[PDB]
Amino acid sequence: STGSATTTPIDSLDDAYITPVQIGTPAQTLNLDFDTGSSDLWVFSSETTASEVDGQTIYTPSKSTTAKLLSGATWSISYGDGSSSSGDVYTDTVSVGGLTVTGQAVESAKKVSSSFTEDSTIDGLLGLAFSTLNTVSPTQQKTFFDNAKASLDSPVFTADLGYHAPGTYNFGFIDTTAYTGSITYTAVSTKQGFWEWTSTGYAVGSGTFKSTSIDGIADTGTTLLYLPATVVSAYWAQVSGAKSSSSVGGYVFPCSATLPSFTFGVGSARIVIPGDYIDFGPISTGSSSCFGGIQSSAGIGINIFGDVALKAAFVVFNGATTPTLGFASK
Ligand SMILES: C[C@H](Cc1ccc(C(C)(C)C)cc1)[C@H](NN)c1nnnn1Cc1ccc2c(c1)OCO2
């Protein structure tokens, strides 16, 4: 089997991406944030505290003839940005782009943090990291990809995110019309539960490439590119008037600037992020100071190849016996 679904930016800045997901019988369609850095599929629901719902579409398990309470099971997740959610668990039929899993764990939120309430466009998350990170207790549950894998034509999924435009998540096949050149594959460590790999270096604009190993994670659920402070300083030094602002929380730059590109290495191959992908707009409405899309990882503890990086590439998440990652230009 295979599946194919379109993923769409939630706003004009690509602050996150949503993908439609069918849950239950008859289908209830919710727009979820596919997150290759976490491993829980959770949704706003008829059980979510009423004051914490502000415009989201909810899953109502009592209206699904295939929903079953997973007795005794609970979940609770604390995301690294400070967001959180928790609740109870059902199993139900879940379909993405025509690919169906029966008996998928659907984690129903009873509580969500204010950041989730405030994003009316995001109805929950669909985790695509390794199932070792799943938070359900006392019986840990599998991700949508792990449940589907054995049925797929090939044990893979791909991310093709757009810049200020829609893109695609595919399951079970590699669309050879969706990229240029060849796909370069690179080793993955699953020891922390992430799609963790090592970039071979970077360049700023038309500058020379610096060979250096940068260990980090391929994370569709993170908006920006988080890299070591040395690398980030070298980038922003090329932008007149850019500075690190402790009050704003990162590097800012004049909205009048034209930004240089940023290149990262994948083996001997190179992925180029155009400068415009690094502009996240005014820090507050009407300001002429703009927020940068490349930021230091120093406060987080791991480097993160988030959407700013991934949207410049066609990315293969290869779930073979030994997992690997592939990157192509597009
Ligand atoms: C933050 C997301 C998880 C999430 C997604 C969306 C949202 C909103 C809908 C409310 C917009 C909140 C949360 C990330 N996913 N892998 C993640 N989950 N756990 N760690 N990370 C990576 C990290 C960690 C720390 C950081 C960061 C990133 O950005 C800024 O500080």
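For the single chain, residues carry numbers from 1 onward in sequence order. The analysis underlying the following values was restricted to heavy atoms, covering all of them including side chains, and did not include hydrogens, waters or symmetry mates.
- When only modelled atom types and interatomic distance are considered, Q141 and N134 share no side-chain donor-acceptor pair under 3.5 Å.
- Donor-acceptor pairing under 3.5 Å is recorded for the side chains of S83 and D81.
- Residues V156 and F173 do not share a hydrophobic cluster, defined by chaining ILVMFWY side chains whose heavy atoms lie under 4.5 Å apart.
- Between the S287 side chain and the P282 main chain, no donor and acceptor come within less than 3.5 Å of each other.
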Practice problem: Tell me, with the steps shown, if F305 and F264 meet ring pair (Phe, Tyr, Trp, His ring centres under 6.0 Å). | Solution: CA-CA 10 Å; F305 293 86; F264 64 95; 5.5 Å; yes

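- Rounded to the nearest 0.5 Å, atoms OG (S297) and CG (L225) are 9.5 Å apart.
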Quiz prompt | side-chain contact (heavy atoms from CB on, under 4.5 Å) between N31 and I10, intermediate numbers included | solution = CA-CA 10 Å; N31 297 325; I10 66 169; over 6 Å; no

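- Closest approach of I217 and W197 over heavy atoms only: C-NE1, 4.2 Å.
- A continuous path of ILVMFWY side-chain contacts below 4.5 Å connects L41 to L69, so both sit in one hydrophobic cluster.
- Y59 is listed as a side-chain neighbour of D92, based on a closest heavy-atom distance under 4.5 Å.
- Under the rule for a side-chain hydrogen bond (donor to acceptor under 3.5 Å, both in side chains), the partners of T100 that lie at least two apart in sequence or sit in another chain are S95.
- Here the side chains of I214 and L227 are in contact, with some heavy-atom distance below 4.5 Å.
- With contacts defined as side-chain heavy-atom distances shorter than 4.5 Å, the pair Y79/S85 qualifies.
- Not a single donor-acceptor pair under 3.5 Å links the side chain of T168 to the backbone N or O of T6.
- For the pair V106/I23, a side-chain contact is recorded, criterion being any heavy-atom separation below 4.5 Å from C-beta on.
- Side chain to side chain, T7 and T19 meet the donor-acceptor criterion of an N or O pair below 3.5 Å.
- Checked by atom type and distance alone, the side chain of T198 never pairs as donor or acceptor with a backbone atom of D215 at under 3.5 Å.
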Quiz item: Would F253 and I278 satisfy side-chain contact (heavy atoms from CB on, under 4.5 Å), going step by step from the backbone distance to the final call?
Solution: CA-CA 11 Å; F253 68 93; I278 299 158; over 6 Å; no

Quiz item: Going through the distances and angles, do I174 and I183 end up as a side-chain contact (heavy atoms from CB on, under 4.5 Å)?
Solution: CA-CA 10 Å; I174 290 169; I183 305 177; 3.9 Å; yes

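- Of the N and O atoms on the side chains of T66 and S64, at least one donor lies less than 3.5 Å from an acceptor on the other residue.
- Nearest heavy atoms, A309 versus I273: CA-CD1, 3.7 Å.
- One N or O on the side chain of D14 and one on the backbone of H164 form a donor-acceptor pair closer than 3.5 Å.
- Distance OG1/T48 to CD/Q56: 8.5 Å, rounded to 0.5 Å.
- In this structure, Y235 contributes its side chain and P260 its backbone to a donor-acceptor pair below 3.5 Å.
- Between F34 and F157 the shortest side-chain heavy-atom distance does not fall below 4.5 Å.
- Side-chain N/O atoms of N170 and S4 include a donor and acceptor closer than 3.5 Å.
- Looking only at atom types and distance, the side chain of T121 has no donor-acceptor partner in the side chain of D119 under 3.5 Å away.
- Between the side chains of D153 and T2, no donor N or O sits under 3.5 Å from an acceptor N or O.
- Here the side chain of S131 pairs a donor or acceptor atom with the backbone of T143 at under 3.5 angstrom.
- For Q140 (side chain) and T132 (main-chain N/O), a donor-acceptor pair under 3.5 Å exists by modelled atom type.
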Self-check item: Chi angles and distances behind the side-chain contact (heavy atoms from CB on, under 4.5 Å) call for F144, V21
Solution: CA-CA 11 Å; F144 176 80; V21 178; over 6 Å; no

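- The aromatic rings of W195 and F145 are tilted relative to each other, their planes meeting at an angle between 30° and 60°.
- A donor-acceptor pair is defined here as one N or O able to donate and one able to accept, closer than 3.5 Å; such a pair exists between the side chain of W75 and the backbone of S108.
- Looking at heavy atoms from C-beta onward, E47 lies in side-chain contact with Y90 at the 4.5 angstrom threshold.
- Judged by distance alone, with hydrogens and angles left aside, the side-chain atoms of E52 form a donor-acceptor pair with the main-chain N or O of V112 at under 3.5 Å.
- Checking side-chain atoms of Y277 against main-chain N and O of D307 turns up no donor-acceptor pair under 3.5 Å.
- Rounded to the nearest 0.5 angstrom, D219 CG and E196 CD are separated by 11.5 Å.
- Nearest heavy-atom pair across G72 and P138 is O-CD, 3.7 Å.
- With contacts defined as side-chain heavy-atom distances shorter than 4.5 Å, the pair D40/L125 does not qualify.
- Nearest heavy-atom pair, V239 versus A257, reported as atom, atom and distance to 0.1 Å: CG1-CB, 4.1 Å.
- At a threshold of 4.5 Å between non-hydrogen side-chain atoms, the residues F262 and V308 do not count as touching.
- Interatomic distance, OG of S45 versus CG of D123, reported as 11.5 Å (0.5 Å rounding).
- From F194, atom CZ reaches atom OG1 of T36 across 10.0 Å, with rounding to the nearest 0.5 Å.
- Counted by atom type alone, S113 and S115 present one or more donor-acceptor pairs between their side chains at under 3.5 Å.
- The shortest heavy-atom contact between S46 and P61 is OG-CD, 3.6 Å.
- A16 and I122 get closest at one heavy-atom pair: CB-CD1, 4.0 Å.
- Using a 3.5 Å distance cut-off with no hydrogens or angles, the side chains of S245 and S247 do pair a donor with an acceptor.
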Residues 313-330, side-chain donor-acceptor partners within the protein, below 3.5 Å, at least two apart:
residue, atom, partner, partner atom, Å
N318, OD1, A320, N, 3.1
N318, ND2, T324, OG1, 2.9
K330, NZ, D160, OD1, 2.8
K330, NZ, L161, O, 2.9
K330, NZ, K311, O, 3.2
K330, NZ, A313, O, 2.8

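- Between atom CD of residue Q28 and atom OG1 of residue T93 there is a gap of 11.5 Å, rounded to the nearest 0.5 Å.
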